[PDB]
């Protein structure tokens, strides 16, 4: 029968972008104020830093534009083990669906390298790098960004919101749902979309 197709985001879902950012920001800019993860609000880190002090948006951006930022992100707890299990399930196809930053010198390369490191060379064929996730067809999209838009007004996937510091207080419109962490019951979410 037909395979269930699941798209899994990278930053904020597999890879700890928020924690990696804060640690490197504090190391490079010890002089400057920062935003603790419990105080993060709004998807874009740079926009919140940009309200906090003039110049700080540009300093924030410079952290993720730096060589080795993406490569050195730690996996979120349980993320690698869950996605490996998910990809092994019968009648289930898993793709990693992630976006590059605007400055493209390191980020695409390092994202491939990161997937090779944690999932192996054979998983590289499961990567989709795109700024528009709405044009990728699937049953499910697991992603930390609350509002996902693009060229396709009616995407085929159901978006399941993955909890992150910046979204944890958001009330969503029914019938939208969440995956709270990789410890939460992702298999039930997948099962709800099967034939």
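Residue numbers count along the first chain shown, from 1.
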Could you settle it for me: does 110 to 118 or 82 to 90 have the higher average Cα B factor in the PDB entry? 82 to 90
Given the B-factors recorded for C-alpha atoms, which segment has the greater mean, 161 to 169 or 35 to 43? 35 to 43
Can you tell me which third, lowest, middle or highest, the CA B-factor of residue 48 falls into for its chain? highest
Taking only the Cα B-factors deposited for this chain, tell me whether residue 147 sits in the lowest, middle or highest third. highest
Splitting the chain's C-alpha B-factors into thirds, which one does residue 3 fall into? highest
Assert third(CA B-factor, residue 154) within chain per record equals highest
If you rank every modelled residue in this chain by C-alpha B factor, which third holds residue 58: lowest, middle or highest? highest
